[PDB]
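Residue-level structure breakdown
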Amino acid sequence: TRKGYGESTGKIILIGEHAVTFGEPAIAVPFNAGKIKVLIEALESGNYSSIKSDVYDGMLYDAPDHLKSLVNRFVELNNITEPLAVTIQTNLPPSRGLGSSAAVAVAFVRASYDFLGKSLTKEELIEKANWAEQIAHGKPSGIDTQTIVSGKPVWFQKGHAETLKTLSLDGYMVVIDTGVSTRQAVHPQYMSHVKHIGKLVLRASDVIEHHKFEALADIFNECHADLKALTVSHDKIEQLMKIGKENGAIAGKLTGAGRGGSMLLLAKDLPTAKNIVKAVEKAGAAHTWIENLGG
Ligand SMILES: [Cl-]
């Protein structure tokens, strides 16, 4: 058992609250633009063991995600006596709802099994990743782990949950992170907004099942207007969406029922998504990604 490699995507809650739990409405999909890579290497004779975390771009480390706990556990459970070099690379900012804790956990578990030479089933990965999230981060995310592992959208509604077929919408989504204090720039009559996104998640499920990009655009714009109608809004965020639309975004909303971990903008084609990115970065957007929606 000498060397093991694992990868994971992130995830986005297109519509629905942050850290959603079963029983609450949501639509989560894989975030293929976000990548976490873990490498576990056995070393020789007598070298020190190391854990190295590489963060790409000017993003902060995810301090709440305690990877040292995952490695300690892995070394003790498997009676590993040899020096290990563990490397984690991440594309994802912390605490923006991009599925960072779950991504690290899925990547780490994959790497672990690959290292031990062990076969890894989906349900086994699901169980081990959910357990690793609990240990490393203090709670699992069932929706994030299932969306990530399956590579399929997961839909929550009322008293049931389903895994849909692979995402296929003929279009693009620009994902914007508004950045930082060290703590993230995230954000009563809010109950009625959450009540309303419930019905919007129901329409989104059918819209996604039938590959209707225009209708998802409608739903995004309805979500946003509903939020703004019912809550005190913020000039700097709205101006960023205004800049995205001025540059070809046909729709916009915040993730997490107005928490705003990400801003999501919908574009018809790749060139327009590249134009949105540049205009929004120029206007201060801290980090951006372009997601092909698979059509
Ligand atoms: Cl969020």
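Counting starts from 1 on each chain and follows the sequence as written, independent of the entry's numbering; residues without coordinates are not shown. Note: side-chain values were computed over all heavy atoms of the structure, leaving out hydrogens and water.

1. A few points about empty space enclosed by the protein
Using a 1 Å grid laid over the protein atoms alone, points where a 1.4 Å probe fits but cannot get out form a cavity; open sets with protein on both sides within 12 Å along at least 5 of 7 lines form a pocket; any residue with an atom within 4 Å of a point counts as lining. Grid points are joined across faces, edges and corners, and a volume is the space filled by probe spheres set on the points. Each pocket or cavity is described by its volume, and for the largest cavity that value is around 70 Å³. Lining the largest cavity are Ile15, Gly16, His193, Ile197, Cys223, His224, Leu227, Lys253, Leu254, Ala257 and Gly258. At the level of elements, β1 (3-16), α5 (190-209), α6 (213-230) and β8 (251-254) are the ones that each hand at least two residues to the lining of the largest cavity. Only DSSP runs of H or I with at least four residues qualify as helices, and only runs of E with at least two residues qualify as strands; both kinds are numbered from the N terminus onward. The element contributing the most residues to the lining of the largest cavity is α6, with three residues. In terms of residue class, the lining of the largest cavity is made up of six nonpolar, four polar and one charged. Any residue outside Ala, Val, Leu, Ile, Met, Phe, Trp, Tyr, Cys, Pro, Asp, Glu, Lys and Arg is labelled polar, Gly included; the first ten of those are nonpolar and the last four are charged.

2. Considerations on the pattern of salt bridges
Salt bridges, as used here, are contacts in which a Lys or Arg side-chain nitrogen is within 4 Å of a carboxyl oxygen on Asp or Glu. The final tally for this structure, using the stated rule, is four salt bridges. Across the pair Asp144 and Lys11 runs a salt bridge, and its minimum N-O distance is 2.9 Å. With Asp144 in helix α4 (residues 142-150) and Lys11 in strand β1, this pair connects stretches of sequence that are 133 residues apart. For every residue, the accessible area obtained with a 1.4 Å probe (protein chains only) is divided by the maximum for its type, and the residue is called buried under 20%, exposed over 50%, and partly exposed between those limits. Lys11 gets classed as buried once you look at its relative accessible area, which sits at 5%. Here the salt bridges do not stand alone but share partners, grouping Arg203, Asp218 and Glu222 into one network.

3. As for the domain arrangement of the chain
Domains assigned within the chain are domain 1 (1-167) and domain 2 (168-295). For domain 1 versus domain 2, the separation of C-alpha centres amounts to 25 Å. Reported buried area values correspond to the accessible surface (1.4 Å probe) lost by two parts on association, with both partners' losses combined. It is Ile15, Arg96 and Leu167 that lose the most area in domain 1 upon contact with domain 2, and together they represent 30% of the buried surface on that side. Counting the contacts that link domain 1 with domain 2 gives one salt bridge. With a shortest N-O distance of 3.2 Å, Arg96 and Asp177 are connected by a salt bridge. Counted as a polar contact is a pair of N or O atoms within 3.5 Å, where, for protein atoms, one must be capable of donating a hydrogen and the other of accepting one, and residues adjacent in sequence contribute only when both atoms are in side chains. In this structure, the connection of domain 1 to domain 2 is made through 16 residue pairs in polar contact. Elements that contribute at least two residues to the side of domain 1 that touches domain 2 include exactly β1, β2 (26-42) and β5 (154-157). What marks off one domain from the next here is an automatic or database domain assignment.

4. What about the nonpolar core?
Nonpolar cores are built from buried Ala, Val, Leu, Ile, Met, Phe, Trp, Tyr and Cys residues. Side-chain atoms within 4.5 Å join them into one set. With 62 residues, the main nonpolar core has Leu14, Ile40 and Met173 as its most contacted residues. No other element matches helix α2 (residues 100-116), which puts 11 residues into this core. When residues of this core are sorted by domain, at least three fall in each of domain 1 (1-167) and domain 2 (168-295). By definition, residues are in contact when any of their heavy atoms lie within 4.5 Å. Sequence-distant contacts of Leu14, that is, excluding residues within four places in its chain, are made with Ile27, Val29, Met173, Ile208, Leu216, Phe220, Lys253 and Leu264.

5. Quick look at the sheet that holds β8
Paired strands, as defined in this entry, are two strands with at least two bridges between them according to DSSP. Ordered in space as β8-β9-β7-β10, the four strands form an open sheet in which the pairing is antiparallel. Two strands in the sheet have a free side with no partner beyond their single neighbour: β8 and β10 (287-292). In this sheet, adjacent strand axes meet at a mean angle of 20° when their direction is disregarded. The sheet contact formed by β8 and strand β9 (residues 263-267) spans four bridges and is antiparallel. By the bridge assignment for β9, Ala251 is matched with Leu266. In the packing of helix α8 (residues 270-282) onto the sheet, contacts are made with β7 (172-177), β9 and β10, and the angle to β10 comes to roughly 170°. Axis definition: a line fitted to C-alpha atoms, over the contacting stretch in the case of helices. Angles run 0 to 180 degrees between N-to-C directions.

6. Some details on helix α1 (residues 67-77)
Buried within α1 we find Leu67, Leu70, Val71 and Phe74. All buried residues of α1 fall inside an arc of 95° around its axis, so they share one side. In α1, the exposed residues that point more than 90 degrees away from the buried face are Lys68, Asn72, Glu76 and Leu77. Check the buried side of α1 and you find it contacts β2, β3 (50-55), β4 (84-90), α2 and α3 (122-137). Within two residues after α1, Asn79 carries a phi angle of roughly 45°, on the positive side. Arc, as used here, means the arc of the directions from the helix axis to the C-beta atoms.

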